[PDB]
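What follows is a single structure, written as structure tokens, with notes after it.
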There are 2 protein chains.
Amino acid sequence: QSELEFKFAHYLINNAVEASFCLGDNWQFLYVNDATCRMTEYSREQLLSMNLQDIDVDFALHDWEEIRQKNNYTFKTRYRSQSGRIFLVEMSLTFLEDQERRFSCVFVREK
Amino acid sequence: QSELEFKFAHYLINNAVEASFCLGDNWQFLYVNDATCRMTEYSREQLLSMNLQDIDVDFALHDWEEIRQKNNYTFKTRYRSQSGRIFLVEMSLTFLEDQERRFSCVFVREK
């Protein structure tokens, strides 16, 4: 099925070493891979009711409007993990539209 | 939907820089990401009717039985691309079972 196909991508991205996740138009998490749970130290079920603003310490510092217009962009910020670790990361964002949903794919390297 | 979720993984893995793909129990491609199409130089529709043995020049050299038993394994082989490029790569395999399907997730770095 179309579902069969996508399920393969599910298994692949969750075995990928790099933290990868999708944010909705209000920066709510929509999908997170295992590496993202490990890095942020939140469970998947916790992350899927959370916002980037709950992790990205410097969220209000970013010129988000300009970010969106860029449509592909890489930059550094600090994340705070569930156990209170503060660490620098490098996020790469790609914005996409599927039907009536705009969202971003995000890849995050722990710097 | 469950499909909604998996579709996010589809978008993520296809934006990942690293070549990633899934093989079925007979090493037939089941799913390939864009980076895999780029590396092998075959279109997605071509790859999805192909076998690892059509790309992996040294396929018959691997002790596949022992590979499977390992269940997680990384090693070098040579790939031949559609335009006839021969190049060394490093494949990382993880074997998984979903329902009645055993398959592997493969990540490939061009060495």
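Going by the structure tokens order, chains are called A, B, ..., each with residues numbered from 1, while ligands are numbered from 1 in the order shown.
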7 Å contacts from chain A to chain B using only C-alpha atoms, as number ranges by chain: A: 3, 5-10, 12-13, 22, 31, 105
Backbone-only DSSP, strand (DSSP E) members of chain A, as a PyMOL selection string: chain A and resi 19-23+29-32+72-80+86-98+101-110
Interatomic distance, atom CA of residue B:26 to atom CA of residue B:52 (Å, one decimal):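 These two atoms are separated by 8.9 Å.
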